[PDB]
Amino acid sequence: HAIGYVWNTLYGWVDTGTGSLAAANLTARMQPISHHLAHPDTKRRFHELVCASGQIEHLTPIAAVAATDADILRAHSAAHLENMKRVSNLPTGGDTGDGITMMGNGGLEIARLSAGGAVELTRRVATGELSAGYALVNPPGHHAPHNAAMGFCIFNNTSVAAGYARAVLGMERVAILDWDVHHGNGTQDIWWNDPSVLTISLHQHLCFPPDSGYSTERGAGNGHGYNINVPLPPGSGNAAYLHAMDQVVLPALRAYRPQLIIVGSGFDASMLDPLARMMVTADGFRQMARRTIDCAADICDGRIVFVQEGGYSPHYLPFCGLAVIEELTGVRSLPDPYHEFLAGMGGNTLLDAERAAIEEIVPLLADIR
């Protein structure tokens, strides 16, 4: 039991610009605002709560090491890397291609530290120095496919980490479990043809991106059957999420027998998130983390690495993230002060449409060898 924790100051310095989502735009009458939806303060407040709560005293700080060009090229194209260097070199940075993904001047340095934080924690868990950990990285990763930045993501951090373990550590099988509320299309893309990385995405159906995350997207060639999408309807809460964990996610992991589990740990499924419509509470994320850590203990010697994805409530995300940290440390010392306010809103009964969405995926488990 030693739990690694990655925070780098520059994770809080990501420049999301002066827009809300896209850039500010006078002709469209999109007024500038101080905090873009993805502003780094949300994740910084999570870090600061980790410290102020005293959880930091039970964690082993791990320094990020910047990802090299060669590290990035394991997961991404040369053109993509060149384009990110171009944008980062501009005097005020700029949009990276999709119109909602700003990088500041010099912001490539932070993207390298974000991917490198995930890699470094993976490395140190795999040696046995650490039993597990949480890499509280920013910018996020899971939307970025081989040849682009997308959806606030510059490089696919979890895929860079999985690529490292496969290339360097002699790991035959790795699983990436993504519970960010948005479809992990980038991760799905990168490993589409590859059975050596089982990619699972639990998400709100068609939330982002628009035309993806269907359960019929199962990979190709040798990789067919090694991508599992679990699209859930808007309004799904703890009961639906936990049913999905018990009926689909955990059985998939046990069938596949990964040697390492990487969690794309977003908190944008929270009850208070502006960028999705789900009803998960901190206690829901707690139970999700507890189940996944316990699964890792059973099947891969406890080797589990959490890597921050999205989440957009500066108010509530810190308590969602703290719950996961407490499940790693085993020190449960602070309440969720929003518990009683949120518990009365619902989401804790499994609805028939939620049950049916999960049942659609159960047959795909038979094809995991």
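Start at 1 and count along the sequence shown; that's the residue number. Each form is matched to the other, and the largest set of C-alpha atoms that superpose within 1.5 Å is called the rigid core.
- Between 223-231 and 70-78, the larger mean CA deviation from the shown form in 7 other deposited structures of this protein, after core superposition, belongs to 70-78.
- Annotation for 208-216 versus 180-188: the higher mean temperature factor (C-alpha) is found in 208-216.
- Higher average CA B factor: 255-263, of the stretches 75-83 and 255-263.
- Residue set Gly151, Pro139, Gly107, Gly225: peak C-alpha B-factor at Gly225 (per PDB entry).
- You'll see in the entry that, of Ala296, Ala144, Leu113, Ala269, the Cα B factor peaks at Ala296.
- In this PDB entry, the Cα temperature factor of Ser53 sits in the middle third of its chain's modelled residues.
- Sort the modelled residues of the chain by CA B factor and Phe155 lands in the lowest third.
- In this PDB entry, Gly347 carries a Cα temperature factor that places it within the highest third of its chain's modelled residues.
- When the modelled residues of the chain are ordered by their C-alpha B factor, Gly310 lands in the lowest third.
- When the modelled residues of the chain are ordered by their C-alpha B factor, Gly17 lands in the highest third.
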